[PDB]
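Notes to accompany the following structure.
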Ligand SMILES: *[C@@H]1O[C@H](CO)[C@@H](O)[C@H](O)[C@H]1NC(C)=O
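Residue numbers (the authors' numbering), protein chains in the order written: chain C, 11 to 105, 120 to 291, 293 to 343; chain D, 4 to 168, 171 to 224.
So, in structure tokens, the structure goes:
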């Protein structure tokens, strides 16, 4: 009459309680599980005839989620409880309705309330390099102080990346361009990125680690909040225009212009039907651009660039 | 000596077929590969996790073996597949493979494979590059050159590009991917100083049609 199991788990997860017996004909006697909520209410909850499960009457209050099985090879009698609930807390004993009064030393099953993980990030937008970015994450539905919370960066075409996180006995407060803090009273966590770089753009994601506590665990992510970085606002610079033709395909290379509200167009006075502009900032703090189209190896072309204040053309002949 | 995850740049399949999203692991000991999905608008969730040793799968809330299956490719070794069966358009999105690293305190994700579900059959056309070298006028005027690459006429609208002379890729500017229907394109330019102009640099690019290994262009 020695049972095992009775761990601590939450009200969604299953459990398997086992019970081992020695010293008598285990194969020949019937076996039952009983239950006392915290004690003093020992009620027959499961009955099986170890001969085999010919008579198995486990349906007082746990019907549908109780499965008692007897092996007898390891002398095991299990009661698997598949969908536990708040009131399943109690002492589970091992022992038309056959009389059972030789009870054993019941194990205790403690079941905890449900945890929903609500992570709400906020504080994104568009920012200028060098400026200091502070991001908030509201965390509701779980015990905060003993959670494990981490920030992740999701950049399109880039692998998601871990930024900074914290444990229960964290006491760390990492310094650097990546800063994480937590307010225990408001149940909030915070990210801080000073001197925002360009590769620092993307969607920032609060994340909670959940699971058994091992490599099986997973990351619950919030909706995230998006962050764009745009060049440090510099004095106006006017673009340097060049034309590069190659076998019926011309490109107009424009560079070093802030702001980038220019209207670049490839045209001898004839507007090209195939032409597209691609604007991208460089590592200097100003935008460059390329407006690309097609014009044959014989034909001659022109490019016009109306960056505010000036207007630069470059033409190439036949 | 950190753990890396190589994934194909994308996977497109006709609706109703299967989808093998591959993931090659490098320097991992964690015995557990996870699969995460990011669907535009929804928070990213884990679909499931597979054991490198036993093969057992653990699905997450509302996911199951009817739509997802994770295994380890017997071919090439240490390759792992997430097989999405009976594709729909809600199945579209980003599929990452992930692991725990650095004593289990950080999670490492792959670059991501974008699953795109076409409503009918599709032409899987590959990209065609054209290269413009820096001109004598641009080296005279700006004491630097600009290598302009236009990748044109590829499907699907997904491609990765970079430049490497050095092992770390060189910092370029990348244009918005522009196009529609069954033709998309992207331009990428690399402004290199007048000193490194003589160095033989190499331009690398990856697209679904060229498999997993990249394509290279010298000079
Ligand atoms: C926080 O991280 C350390 C890393 O060594 C780990 O040992 C510790 O257990 C973690 N905190 C908790 C409460 O587990």
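The C-beta atom is built at its ideal place from N, Cα and C for all residues, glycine as well.
| task | Using 10 angstroms around the beta-carbon of residue 328(C), count the other beta-carbons present and answer buried if the total reaches 16, otherwise exposed. | result | Result: buried.
| request: Using the Cα positions of residue 166(D) and residue 92(D), report the straight-line distance between them to the nearest angstrom. | output: Just so you know, the alpha carbons of residue 166(D) and residue 92(D) end up roughly 34 Å apart.
| request: Inspect the CB distances between the region 225-235 of chain C and the region 156-176 of chain C and report whether three or more fall short of 8 Å. | output: Contact between the region 225-235 of chain C and the region 156-176 of chain C is present: 3 or more CB-CB pairs across the two stretches fall below 8 Å.
| task | Would you check whether ligand 1 has a heavy atom nearer than 7 Å to the C-beta of residue 174(C)? | result | Not so, every heavy atom of ligand 1 lies at least 7 Å from the Cβ.
| Residue-level contact to chain D via CB, residue 224(C), 8 Å cutoff | Residue 224(C) is outside the set of residues whose beta carbon lies under 8 Å from a beta carbon in chain D.
| Cβ of residue 278(C) within 8 Å of any chain D Cβ | So, not an interface residue.
| Using DSSP with H/G/I as helix, E/B as strand and the rest coil, what is residue 136(D)? | Taken through DSSP and simplified to helix, strand or coil, residue 136(D) comes out as coil.
| Rounded distance between the beta-carbons of residue 204(C) and residue 189(C), thought under 8 Å | Yes, they are in contact, since the Cβ atoms of residue 189(C) and residue 204(C) sit about 6 Å apart, within 8 Å.
| Closer than 9 Å, Cβ to any Cβ of chain D: which residues of the region 154-183 of chain C, in chain order? | Within the region 154-183 of chain C, contact with chain D at the beta-carbon level (separation under 9 Å) is assigned to 172, 174, 176, 178, 180, 181, 182 and 183.
| Under the three-state reduction of DSSP, which class applies to residue 208(C): helix, strand or coil? | Here residue 208(C) sits in coil by DSSP.
| message | List, in chain order, every chain C residue whose beta-carbon is nearer than 7 Å to that of residue 63(D). | response | Ordered by position in chain C, the residues that pass the 7 Å Cβ test against residue 63(D) are 242.
| said: Can you tell me whether residue 155(C) is helix, strand or coil according to DSSP? | reply: DSSP, read as helix, strand or coil, puts residue 155(C) in coil.
| In this structure, what does DSSP give as the bridge partners for residue 166(D)? | DSSP, once it has assigned bridges, lists 175(D) and 208(D) as partnering residue 166(D).
| query | Between residue 188(C) and chain D, is there a C-beta pair that is closer than 8 Å? | reply | No, its Cβ sits nowhere closer than 8 Å to a Cβ of chain D.
| Would you say residue 77(C) touches ligand 1, meaning its beta carbon is less than 7 Å from a heavy atom? | No, ligand 1 has no heavy atom inside 7 Å of this Cβ.
| said: By alpha-carbon positions, which one of 179(D), 217(D) and 212(D) ends up nearest to residue 303(C)? | reply: Looking only at 179(D), 217(D) and 212(D), the smallest Cα-Cα distance to residue 303(C) is reached by 179(D).
| Alpha-carbon to alpha-carbon, residue 14(C) and residue 89(C) | Cα-Cα distance, rounded: 11 Å.
| message | With a threshold of 8 Å, are at least 3 pairs of Cβ atoms found where one atom belongs to the region 143-156 of chain C and the other to the region 238-249 of chain C? | response | Taking 8 Å as the limit for Cβ pairs, the verdict is that the region 238-249 of chain C does touch the region 143-156 of chain C.
| Where the region 22-53 of chain D meets chain C: residues whose CB sits under 9 Å from a CB there | Going along the region 22-53 of chain D in chain order, one finds 33, 34, 35, 37, 39, 41, 44, 45, 46, 47, 48, 49 and 52 with a Cβ nearer than 9 Å to chain C.
| Min CB distance residue 207(D) to chain C below 8 Å | No, residue 207(D) lies away from the interface with chain C (no Cβ there is under 8 Å from its Cβ).
| request: Name, going along the chain, the residues of the region 105-121 of chain D whose beta-carbon falls closer than 8 Å to a beta-carbon of chain C. | output: For the region 105-121 of chain D, the residues whose beta carbon sits under 8 Å from a beta carbon of chain C are, in order, 107, 108, 109, 110, 111, 112, 113, 114 and 115.
| What are the residues that DSSP puts in a beta bridge with residue 101(D)? | Under DSSP, the beta-bridge partners assigned to residue 101(D) are 37(D) and 112(D).
| Segment contact, 8 Å Cβ cut-off, at least three pairs: the region 97-107 of chain D with the region 124-135 of chain D | Segments in contact, no.
| request: Kindly indicate the opening and closing residues of the beta strand (DSSP E) around residue 188(D). | output: Per DSSP, the unbroken beta strand (DSSP E) holding residue 188(D) starts and ends at 188-198.
| Between residue 56(D) and chain C, is there a C-beta pair that is closer than 8 Å? | By this cut-off, residue 56(D) is not an interface position.
| request: Just jot down, in chain order, the residues whose CB lies closer than 5 Å to any heavy atom of ligand 1. | output: Around ligand 1, the residues selected by a Cβ distance under 5 Å to any of its heavy atoms are 191(C), 192(C) and 193(C), following chain order.
| field | For residue 98(C), three-class secondary structure by DSSP | value | When DSSP states are grouped into helix, strand and coil, residue 98(C) belongs to the helix group.
| message | Which residues does DSSP list as the beta-bridge partners of residue 29(D)? | response | Looking at the DSSP assignment, residue 29(D) forms a beta bridge with 7(D).
| For the region 132-149 of chain D, which residues have a CB atom closer than 7 Å to at least one CB atom of chain C, in sequence order? | Answer set for the region 132-149 of chain D: 133, 135, 138, 140, 141, 144, 145 and 149.
| query | Within the chosen definition, does the region 276-286 of chain C reach the region 316-328 of chain C through at least 3 CB pairs nearer than 8 Å? | reply | Yes: at least three Cβ pairs fall under 8 Å.
| message | Going by DSSP in three states, residue 215(C) sits in which element: helix, strand or coil? | response | In this structure, residue 215(C) counts as strand in the three-state DSSP scheme.
| query | Considering only residues of the same chain and omitting the five flanking positions on each side of residue 7(D), which have a CB-CB separation below 6 Å? | reply | Excluding positions up to five away in sequence, the list reads 29.
| What's the gap between the Cα of residue 52(C) and the Cα of residue 28(C)? | Rounded to the nearest angstrom, the gap between the Cα atoms of residue 52(C) and residue 28(C) is 18 Å.
| request: Return yes when the Cβ of residue 333(C) is within less than 8 Å of the Cβ of residue 283(C), no when it is not. | output: For residue 283(C) and residue 333(C), yes; Cβs fall inside 8 Å.
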